[PDB]
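As C-alpha cells, the next two blocks hold two forms of the same chain, structure 1 and structure 2.
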Structure 1
C-alpha cells in the first residue's frame, strides 16, 4: 500500500486566500466571512522592526491604507483590529467560498498541512509537524507570512497556524489564528532562543509499530520497562518525554499488534542505548518523528481474506 506523508487537499483553504498590501509590503491573508486575518508586520517600515510599537503604528494607519485583493476583485476594508500578533481586517463582503471552519491550538508532536502562498496566490502545500520546541521545520521564503496551517476533519477546516517569521537556525515560527505565538517568541527582529529541539517520541513509537507490522522486527526485546525509566533514558538521548496522553494515542496500534506500549518502550530504550549499527528500520538508518499513529493506521497494509 505504501507510506507517504500527505497534506490535506488544500482547495478549501485556497478559496480563502487574499492579498494584503500596506505601503509597499504585500503578504497573504485569510478571508473568512467578512474578516481577513493577516500578520501584524504589514504596517512595519524597514527601520522599525527591531522593536515595533504596533499599537502606535496601527493608529496612524487607516482603512484605505490597507489594500485587500481577491483576484481581479478588490475588497474594501471597513475596520482594523489587533488580536495579539494578528491583524483583523473587516471587509464589506463576506467570502462566498467560506467553508465550515474552526480555530484550534495544536500540541507539540501533532501534524498539519501548510499552504505556502506568496502575494496572495497559493504556491504549494506540504505536511509538517509542530516540533517540541514550538517551532516548525517548514519551507518559507520572504513574503510567505500569512500562510496558514490547517487540518480537515470531515467538512470542517480546522485552522491552527499562521506563519510570521523565520528563526536564524532556519526553522519557522508563527501564531494560532487568534494571534498567540506558538512558543516564547515575538514578532520582532531581535535575537530569540528557540531551545533544544527534541525528537517526537510518540511518533517514533508509531513508526516502530509500523515497522513491526510490515515485518521489520529485529529490534524487539521481550523486556518491559516502566514509564519513569524510559522517560529518564529518553531525555538523556534528547527524546521528548512520554506522557499519559501519548500512551493513550498509541493505544489502537498497541492493540492492533500484540506489543504493549511499555513493551515497545523497552525495545526503543535498548535501541537508543545501542544504536542501529548497520541495520535499517523500514528501509532507513534514521527514525521518523513526523509520521503519526493516525498516519500509520490509515495507510498500513492489512491482511487479505483469500
Structure 2
C-alpha cells in the first residue's frame, strides 16, 4: 500500500558524474568509457553567453584548457568533438564504473529520474516528467548543468536528458545525449519562452485508474462524455486534448479494472469544473500528470492468496 513518486536508484549514474572546468566556468559531465559528455556552454565566458559562436569559441580552446576531475582523480582531455549542443571530451581514462547504457530521446508525457549535481558531486535525485511544451518542471540551480535524466530497465541505464539552462519563467530546458535540444530553445542567455503547458491527460487517467485499484473510488463515474465534449471543457483548463491513442495507451487499465476512459473523463470533467471539495486521491490534493501507465501498476496493491 501507499503511492509515492519514486526515482530509480541513482547509483549507476553517480559513478559517471564528473566536474568539467574550462577557464573559470564549471559544470558537470557524464563519464562513459573514455568520453565525458557535457553541455557545450562550458566553453563560454560570462559575456560570451549572450550570443556565442560555439564553433569559434572551441577552435581557440586546446585540451589543456579543460580540467576534468573524477573526485580526486584528474582526467586529462586528449581531444574533443562538438556534437550539436553537447561537447564530447575524450579522456585518458576509461570509466571502470560505466554501466550498461543507451541513449534514448523521450517524448513529452514520459517520465524520468534526474540526478542533480553540482561541482561533479551528486546532490539529490527526483522523478519528473517531460511537459508537453518540452520543458521540465525541475529543481536546478546555477552549476547544475550536465546533470542528467535517465530511466533504468533491468540493469541498462537509458539516458534521456542533459540539463542546460533555466528559462525566465523558472522552468528548465535541455537536450538528449546527442545534444539536440528538447523544444524550440537555444543555449543562449536570450529572451526565450516555452509554449502553453498543457496537462498530460493520459497520465491523470492512469492515475485515476490507479486510485480505483488501490481503493480510492470517491468521485468515481456518474456520467458519460464523447471524447469531443471533454476536450471542450479541458480547453478552458489548459488540459492537453485527449486522442484515441491516449484512450488505447491505458492498455490493461480500462480493463483489469472495467471502467471506461470517458467515464473517467467525466469524473475528470467534474473535478476540473466543480472541484475536489475536501477529499483527496492517493494523498494528492490536485490532479497528477507525472505518473504514466507503467509507473501506476508497479506500486499498486496486490491480491493476497489466503
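So that the term is clear: the rigid core is the largest set of C-alpha atoms that superpose within 1.5 Å between two forms. Residue numbers count along the first chain shown, from 1.
Undergrad: Which listed residue (281, 250, 68, 38) has a Cα shift of at least 2 Å between structures 1 and 2, rigid core superposed?
TA: The residue that shifts is 281.
Undergrad: So, superposing on the core, is the move of residue 234 at the CA at least 2 angstroms between structures 1 and 2?
TA: Where the cores coincide, residue 234 still shows a C-alpha shift between structures 1 and 2 that is 2 Å or more.
Undergrad: For residue 59, decide whether the Cα shift between structures 1 and 2 is 2 Å or greater, given a superposition on the rigid core.
TA: No; residue 59 is a residue whose C-alpha shifts by less than 2 Å between structures 1 and 2 when the cores are overlaid.
Undergrad: Fitting the rigid core first, would the Cα of residue 217 be found 2 Å or more away between structures 1 and 2?
TA: Yes; residue 217 is a residue whose C-alpha shifts (by 2 Å or more) between structures 1 and 2 when the cores are overlaid.
Undergrad: In Å, how large is the C-alpha displacement of residue 23 between structures 1 and 2 after the rigid core is aligned?
TA: Comparing between structures 1 and 2 after core fitting, residue 23 shifts 0.7 Å at its C-alpha.
Undergrad: Give the C-alpha shift of residue 80 between structures 1 and 2, in Å, after superposing the two forms on their rigid core.
TA: Here the C-alpha difference is 1.0 Å.
Undergrad: Can you read me the CA shift for residue 266 between structures 1 and 2, rigid core superposed, in Å?
TA: A shift of 4.5 Å.
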